[PDB]
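One structure is given below, encoded as structure tokens.
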Amino acid sequence: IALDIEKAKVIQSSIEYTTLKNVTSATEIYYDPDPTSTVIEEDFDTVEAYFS
Amino acid sequence: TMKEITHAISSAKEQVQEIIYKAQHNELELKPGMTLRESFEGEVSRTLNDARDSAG
Amino acid sequence: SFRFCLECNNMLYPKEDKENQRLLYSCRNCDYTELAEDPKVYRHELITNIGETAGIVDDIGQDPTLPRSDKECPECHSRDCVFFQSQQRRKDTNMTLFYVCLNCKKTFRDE
Ligand SMILES: [Zn+2]
Ligand SMILES: [Zn+2]
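Chains as they are written, first to last, in PDB author numbering: chain A, 1126 to 1177; chain B, 676 to 731; chain C, 3 to 113.
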């Protein structure tokens, strides 16, 4: 591994501490009374595709 | 020798100006473990120290 | 931006009607209740950009200590402009410049 940069980068990624806060860009809370559907039109397609 | 020293100092100032433009247009490479401002400051300091050493 | 009671002036808190399955904003010192229009009850931004270009005033062209450039204004196409870097001053702030013309005062960049 010492003489190969790719494996070294793999090890470096495996060691470094990473939390959800590191990758999270924003968080939101919504009111949505239908578990099988949604109010947001943007996320409607993905949730309906998941439910089907 | 004074014209050589003046030319070296002017060249270093031109290089620092180019680095400033590159940093202001987001074209500057970032040294790992350092922010954009820190990398910019380190590069400028290194350029100026090299300028003084060359003139001396 | 959050609303307040129209007769008590106190802050209206979100509430849910069990029988109606609707979101409502209800005051706590009064029985006033108003229907909620948007479902976004709460939003928190981990990475934010506000405060970067919002720091604009109409009379920023009267400052003599500000450098004057010759960048072309997209709106007025004037030959005189004043530029400054980001007002937000976090440790990881970019060094991009914001150019303000003396007629339209539109903020733009060279990117
Ligand atoms: Zn009230
Ligand atoms: Zn103008």
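Ideal Cβ positions, reconstructed from N, Cα and C, are used throughout, including at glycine.
Not one heavy atom of ligand 2 is found less than 8 angstroms from the C-beta of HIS46/C.
Taking the CA atoms as reference points, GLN64/C sits about 14 angstroms from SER71/C. Among the residues of chain C, those whose CB is under 7 angstroms from the CB of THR710/B are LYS93 and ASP94, following chain order.
Within the region 698-709 of chain B, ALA698, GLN699, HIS700 and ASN701 place their CB atoms closer than 8 angstroms to a CB of chain C, listed in sequence order. With 5 angstroms as the limit, the residues whose C-beta approaches any heavy atom of ligand 1 more closely are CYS7/C, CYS10/C, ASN12/C, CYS29/C, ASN31/C and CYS32/C, in sequence along the chain. In this structure, DSSP gives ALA687/B a helical state, which the three-state scheme calls helix. Out of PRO1158/A, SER1138/A and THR1163/A, the CA that lies nearest to the CA of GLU21/C is found in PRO1158/A.
Among the bridge pairs identified by DSSP, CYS103/C is matched with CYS83/C. Between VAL1172/A and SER1162/A, the C-beta spacing is below 9 angstroms. Among the residues facing chain A, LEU48/C is included, as its CB has a counterpart in that chain under 9 angstroms away. Taking 8 angstroms as the cut-off, the C-beta of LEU68/C does not count as close to any heavy atom of ligand 2. In the structure shown, the three-state DSSP call for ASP728/B is helix. DSSP places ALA1151/A in no alpha helix (DSSP H) but in the uninterrupted beta strand (DSSP E) bounded by 1151-1155.
With the rule of 3 Cβ pairs closer than 8 angstroms, the region 23-36 of chain C does not count as touching the region 720-729 of chain B. Cβ-Cβ separation between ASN701/B and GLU113/C: approximately 7 angstroms, consistent with a contact (criterion under 8 angstroms). Residue side-chain check: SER71/C keeps its Cβ at 8 angstroms or more from all non-hydrogen atoms of ligand 2. Secondary-structure assignment with DSSP links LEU37/C through a beta bridge to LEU26/C.
At a C-beta separation below 8 angstroms, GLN23/C has these neighbours in chain A: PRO1158.
One Cα belongs to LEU711/B, the other to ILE1126/A, and the distance between them is close to 30 angstroms. No Cβ of chain C is located within less than 9 angstroms of the beta carbon of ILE1136/A. For the C-beta of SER1150/A, the chain C residues within less than 7 angstroms are, from N- to C-terminus, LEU48 and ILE49.
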